[PDB]
Number of protein chains: 6
Amino acid sequence: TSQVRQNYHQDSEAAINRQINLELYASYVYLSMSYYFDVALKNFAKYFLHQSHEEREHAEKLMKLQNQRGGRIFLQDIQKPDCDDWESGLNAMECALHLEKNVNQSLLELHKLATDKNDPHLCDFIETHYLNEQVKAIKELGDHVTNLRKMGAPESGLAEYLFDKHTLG
Amino acid sequence: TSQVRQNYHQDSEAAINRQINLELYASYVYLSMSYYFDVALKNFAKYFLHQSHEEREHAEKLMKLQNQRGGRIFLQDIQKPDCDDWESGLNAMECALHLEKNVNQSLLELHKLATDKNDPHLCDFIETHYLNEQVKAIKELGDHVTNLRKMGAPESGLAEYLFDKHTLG
Amino acid sequence: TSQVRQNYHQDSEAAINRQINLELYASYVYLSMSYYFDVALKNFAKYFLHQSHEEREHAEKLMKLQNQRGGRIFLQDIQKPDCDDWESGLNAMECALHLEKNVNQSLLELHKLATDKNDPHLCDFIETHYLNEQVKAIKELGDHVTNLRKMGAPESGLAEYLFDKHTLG
Amino acid sequence: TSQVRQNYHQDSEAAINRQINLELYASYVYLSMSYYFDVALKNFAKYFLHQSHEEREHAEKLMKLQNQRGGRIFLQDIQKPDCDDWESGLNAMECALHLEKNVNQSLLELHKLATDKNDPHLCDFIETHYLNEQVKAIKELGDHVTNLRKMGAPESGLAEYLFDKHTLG
Amino acid sequence: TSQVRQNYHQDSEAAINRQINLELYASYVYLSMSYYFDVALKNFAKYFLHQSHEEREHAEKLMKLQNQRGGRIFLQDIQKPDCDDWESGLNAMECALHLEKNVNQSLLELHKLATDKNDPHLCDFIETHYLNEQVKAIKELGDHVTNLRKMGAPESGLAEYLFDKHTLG
Amino acid sequence: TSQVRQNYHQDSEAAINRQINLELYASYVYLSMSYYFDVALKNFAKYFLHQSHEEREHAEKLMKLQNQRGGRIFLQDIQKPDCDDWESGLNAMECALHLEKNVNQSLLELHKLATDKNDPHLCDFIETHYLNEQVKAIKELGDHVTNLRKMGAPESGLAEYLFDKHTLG
Ligand SMILES: [Ca+2]
Ligand SMILES: [Ca+2]
Ligand SMILES: [Ca+2]
Ligand SMILES: [Ca+2]
Ligand SMILES: [Ca+2]
Ligand SMILES: [Ca+2]
Ligand SMILES: [Cl-]
Ligand SMILES: [Cl-]
Ligand SMILES: [Cl-]
Ligand SMILES: [Cl-]
Ligand SMILES: [Cl-]
Ligand SMILES: [Cl-]
Ligand SMILES: [Cl-]
Ligand SMILES: [Cl-]
Ligand SMILES: [Cl-]
Ligand SMILES: [Cl-]
Ligand SMILES: [Cl-]
Ligand SMILES: [Cl-]
Ligand SMILES: [Fe+3]
Ligand SMILES: [Fe+3]
Ligand SMILES: [Fe+3]
Ligand SMILES: [Fe+3]
Ligand SMILES: [Fe+3]
Ligand SMILES: [Fe+3]
Ligand SMILES: [Fe+3]
Ligand SMILES: [Fe+3]
Ligand SMILES: [Fe+3]
Ligand SMILES: [Fe+3]
Ligand SMILES: [Fe+3]
Ligand SMILES: [Fe+3]
Ligand SMILES: [Mg+2]
Ligand SMILES: [Mg+2]
Ligand SMILES: [Mg+2]
Ligand SMILES: [Mg+2]
Ligand SMILES: [Mg+2]
Ligand SMILES: [Mg+2]
Ligand SMILES: [Mg+2]
Ligand SMILES: [Mg+2]
Ligand SMILES: [Mg+2]
Ligand SMILES: [Mg+2]
Ligand SMILES: [Mg+2]
Ligand SMILES: [Mg+2]
Ligand SMILES: [Mg+2]
Ligand SMILES: [Mg+2]
């Protein structure tokens, strides 16, 4: 019986909890990728490690909004990364691109729900903190995927090495 | 077929992977506790949030050793926190004490395995980075549990509030 | 009924208490030596006074570990220095050498006990804080004893005076 | 056959040696108290640890006067703390108050002896370095004992905790 | 007849002397490699020259422990580098990887001997100063070997040149 | 088939390689002496350790000239120190004096060869970097040998100790 809860639909509360789990999952995927490239693509490793920290801040801010609006946080298992054993740095970038577009669709479904329930604070929260960061991340990974393919990856040995030094350096 | 792997038993590699999952689980438990105390015990929240960051560094360093020794990281689901809905800040401290002693026993089993396989580098790694941090953490949580009980928790309203301001401030 | 005690054998607890008393005794021996050389070897006095402070920190850290592991500190009488009335600064160095090698054997017995009880944290604690400091101290006192004998002590009047100014200055 | 000894009675020399042992004993009592309060009253611990260092400086200065006046230092066993297992921080303060008043009576007996032997330098030494420090220490411990009783110790759980934070912080 | 020697087996003393010669040999191998790459891979040259200085510090610290524990240093011929005339920078990295893993096995045999003779100070010395440095060095050379092969070495003319500028720059 | 080699006789190339081995041998002799005086003449130890570093720079610069002139470096075993077990610091100085004069004769034979082959660059290199350093080193060791004998070494216990503090301090 929250004395602070106001105009916060239970469907929105449940969907925020599902988004929290998805952000944590994305953090887990990036942590997997980071530690995977320990041998020869160590700037890929630090790119994905930074991506991993960002995803956990994404989850923590949704956990904070759940408390702010008077909801109840409900956590679930953080599934281990679906994609794994990437044969190259390019394949990891492709999976991250796929991941971020899946997360973007989740955020767009969240916004549509907030719109349907007439929750302008929740729509503003999604737009201010997550919608443009998603567009930027998808654009960045799209740039990386396309550039690496043009450079000659994944066949070329120098392509991923040089991309590691110059683009992710 | 690792060219760097040397004196690294597959039982040790598997046990390191299980320890990685346990450290991540401990990080998840502390993140749950941190966000739980958003109302009235906000220094409990920052204590547990700091504990959460420490557990993830614990996991990342074990992931780094897995690569260093020529092993293969194998990740599993991060189970959601077993304990939940703590009725007070003291109960969260009791569960963290229980958690850390369970983690300590895991680390002691790890060391016994490393001793049995005559892996002095792995024994040194466990002793240098994890065994004393565990003793310190168990001692700290033990101090917090005992102090809060003496102060009159969990019945006393002022006890947890003042402990929040003075001990965890 | 310690809630923090874990893998801490009562034999180890008792042996830590005996080591505490031995470290305090060593501090008492050095304090005796320091105040003994007030007349003509005042840099011997400050060497032994510094040695005395170090031994008390040795005891305080063992007292801290006793609490950390959930043991109970049990103090005993600090026996007055066995050796006394040293006829020269060299004889005091010989007794300190004898003392430190006796303390080293105690620490090696402590480690063997910790090894027998499979207490890797206690083995690490002894190795990290006390085993190399003991080797260094025995080497230093051995150097001082040998050097003073070569210089012509204890018969030579200038030998101990110059050693006081140059080696311990 | 001291060429520096002048107007220094052998009764005074023996009584200085007994005072040295008493100061060391007081240092041992405070060290015991300091390490005793490791759990919940850690500012009591640092108060008593500081008291312990002060008592050892008290002993070292009496050892220095013994040499200054041409006497011979004679050390004895440092008895382990009589009082122990204090049920609260207040009980430790009561024992320290009892201890300091016993030490004060010793210092007053010392002064009466110095007066009887017409040793104005020894009377000045006792008055300058020890008589007012004793009055201050007895007053301080008396204040702490009375304040803690008024606050509701030892029954009140908050009393000793808050006194630890505010008075001894 | 060392007055400082304590719990130091003659087998350990002899094995330390053999390790000293091996560390000096490793320093000689790296000095050979450094001066070998004077033409076109001058950052390989400075990588191996730095490796060479490190190996001599490795030897000097073992010589210091031999004195510390009361042993006697016995030096032998420093054999000229076995491997030589490396056809590429990659082949030099492969020989250094082979060398470091041979040195690691020597250090692990040393530790097993120290364990058998119950010398915890010598086990700590090996673990603290040499076991993790060996794991790091083997991992680094393993990374370099694998990366250079992927880049296209040794056939590719640009591969070793760019690796020289970016990885070893 | 060196495109840079010009006016560089193969006899000079071979003699440079022999000089390289001799400089490394001299470095090994000084390293032996340094670690030998760990007990009572620790400024002798640092004098010889500095001498040892200088000899290795002597060897590295000859290795660099071998590459500069288009020659091929050929390394041989670094023989363990001929002289050993010096009974005093003076005897170590006498052996170093003997060593440096043997090295000087080698450098003078090298110069005569360079003169016979009309290699003015090699004559300049020997004169600029090695001939005066040799005269200075022989003069210094000659001074040390003579001074220590006059002071009363090796019989006098104070002589080597004071020389250690004042001349080599
Ligand atoms: Ca908006
Ligand atoms: Ca270790
Ligand atoms: Ca250790
Ligand atoms: Ca006065
Ligand atoms: Ca150790
Ligand atoms: Ca010239
Ligand atoms: Cl939900
Ligand atoms: Cl995570
Ligand atoms: Cl596994
Ligand atoms: Cl996490
Ligand atoms: Cl006991
Ligand atoms: Cl003491
Ligand atoms: Cl007396
Ligand atoms: Cl004390
Ligand atoms: Cl040997
Ligand atoms: Cl070398
Ligand atoms: Cl040759
Ligand atoms: Cl060398
Ligand atoms: Fe991102
Ligand atoms: Fe996100
Ligand atoms: Fe922690
Ligand atoms: Fe942990
Ligand atoms: Fe010491
Ligand atoms: Fe000690
Ligand atoms: Fe006091
Ligand atoms: Fe006092
Ligand atoms: Fe190295
Ligand atoms: Fe090495
Ligand atoms: Fe020189
Ligand atoms: Fe030279
Ligand atoms: Mg699954
Ligand atoms: Mg915006
Ligand atoms: Mg489940
Ligand atoms: Mg061990
Ligand atoms: Mg440690
Ligand atoms: Mg007795
Ligand atoms: Mg150490
Ligand atoms: Mg008694
Ligand atoms: Mg006054
Ligand atoms: Mg050979
Ligand atoms: Mg280490
Ligand atoms: Mg030979
Ligand atoms: Mg000329
Ligand atoms: Mg010149």
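Here is how names work: the chains are called A, B, and so on, in the same order as the sequence lines, proteins then strands, and each is numbered from 1. Note that these values count all heavy atoms, side chains included, but never hydrogens, waters or copies made by symmetry.
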Take B:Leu122 and B:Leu65 through the side chain to side chain contact (heavy atoms under 4.5 Å, CB included) test and state the conclusion after the steps. CA-CA 9 Å; B:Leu122 181 53; B:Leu65 177 125; 4.0 Å; yes

Given C:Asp124 and B:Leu131, is the side chain to side chain contact (heavy atoms under 4.5 Å, CB included) satisfied, shown in steps? CA-CA 9 Å; C:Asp124 164 274; B:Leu131 284 198; 5.9 Å; no

From CA spacing to verdict: side chain to side chain contact (heavy atoms under 4.5 Å, CB included), B:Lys136, B:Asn132: CA-CA 6 Å; B:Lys136 279 185 291 167; B:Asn132 191 231; 3.6 Å; yes

Stepwise, does the side chain to side chain contact (heavy atoms under 4.5 Å, CB included) test hold for C:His111 with C:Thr115? CA-CA 6 Å; C:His111 190 282; C:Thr115 297; 3.3 Å; yes

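Taking the six-membered ring wherever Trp is involved, the centroid distance between the rings of C:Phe125 and C:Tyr130 falls below 6.0 Å.
Atoms CG and CD1, from D:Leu75 and C:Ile78 in turn, are 11.5 Å apart once rounded to the nearest 0.5 Å. We find the CD1-CG distance between C:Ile126 and C:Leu108 to be 9.0 Å, quoted to the nearest 0.5 Å. A distance of 13.5 Å separates OG of F:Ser27 from CZ of F:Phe48, quoted to the nearest 0.5 Å. Rounded to the nearest 0.5 angstrom, F:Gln51 CD and F:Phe44 CZ are separated by 12.5 Å. Considering CD of B:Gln68 and CG of B:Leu62, their distance stands at 10.5 Å, rounded to 0.5 Å. Interatomic distance, D:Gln76 CD to C:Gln79 CD, rounded to the nearest 0.5 Å: 9.5 Å.
For the residue pair C:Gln6 / B:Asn104, a side-chain donor-acceptor distance below 3.5 Å is found, with atom types taken as modelled. At a cut-off of 3.5 Å, with distance as the only test, a side-chain donor of E:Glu23 or E:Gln19 sits close to an acceptor on the other residue. For the 3.5 Å distance criterion, the side chains of F:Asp85 and F:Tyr36 qualify, holding a donor opposite an acceptor. A donor-acceptor contact under 3.5 angstrom links the side chains of C:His50 and C:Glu54, judged on distance only. Counting only N and O atoms by type, the side chains of C:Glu60 and D:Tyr35 include a donor and acceptor under 3.5 Å apart.
When all heavy atoms of F:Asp38 and C:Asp143 are compared, the closest pair comes out as O-OD2, 3.8 Å. For the residue pair E:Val4 and E:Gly70, the shortest heavy atom distance occurs at CG2-CA, 3.6 Å. Scanning all heavy atoms of the two residues, the minimum distance from C:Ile20 to C:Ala59 falls at O-CB, 4.0 Å. Shown here for F:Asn43 and F:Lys165, the closest heavy-atom pair between the two residues is ND2-CA, 4.1 Å. Between C:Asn17 and C:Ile73, the shortest heavy-atom contact is OD1-CA, 3.5 Å. The shortest heavy-atom contact between C:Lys42 and C:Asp164 is N-OD2, 3.4 Å.
Using a 30° and 60° split on the angle between ring planes, C:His144 and C:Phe163 fall in the perpendicular class, above 60°.
Annotation: side chain of C:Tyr30 is in contact with side chain of C:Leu99 (closest heavy-atom distance under 4.5 Å). Here the side chains of E:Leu110 and E:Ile16 are in contact, with some heavy-atom distance below 4.5 Å. Here the side chains of E:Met63 and F:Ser34 are not in contact, with every heavy-atom distance at 4.5 Å or above. No side-chain heavy atom of C:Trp86 sits less than 4.5 Å from a side-chain heavy atom of C:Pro154. Looking only at side-chain heavy atoms (C-beta outward), C:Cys83 and C:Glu94 stay at 4.5 Å or farther from each other. Counting heavy atoms from C-beta outward, C:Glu100 and C:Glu140 have side chains that stay 4.5 Å or more apart.
Within a 6.0 Å radius of NE2 in C:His98, other residues, nucleotides and ligands contribute 12 heavy atoms or fewer. Around the CG atom of F:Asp82, the shell of radius 6.0 Å holds no more than 12 heavy atoms that belong to other residues, nucleotides or ligands. Residue F:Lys46 places its NZ atom among more than 12 non-hydrogen atoms of other residues, nucleotides or ligands, all under 6.0 Å distant.
A salt bridge is absent between E:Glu109 and E:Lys112; no separation between the charged side-chain nitrogens and carboxylate oxygens falls under 4.0 Å.
In terms of modelled atom types and a separation under 3.5 Å, the side chain of E:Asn7 and the main chain of C:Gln105 share no donor-acceptor contact. E:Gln3 contributes a side-chain N or O that, together with a main-chain N or O of C:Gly142, makes up a donor-acceptor pair within less than 3.5 Å. Judged by distance alone, with hydrogens and angles left aside, the side-chain atoms of C:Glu160 form no donor-acceptor pair with the main-chain N or O of C:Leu148 at under 3.5 Å. Between the C:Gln134 side chain and the C:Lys101 main chain, no donor and acceptor come within less than 3.5 Å of each other. Within the 3.5 Å criterion, the main-chain N or O of C:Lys80 finds a donor-acceptor partner in the side chain of D:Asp77.
With E:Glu13 as reference, E:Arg5 is the one residue of E:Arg69, E:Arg18, E:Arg5, E:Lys117 to meet the salt bridge (charged side-chain N to carboxylate O under 4.0 Å, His left out) rule.
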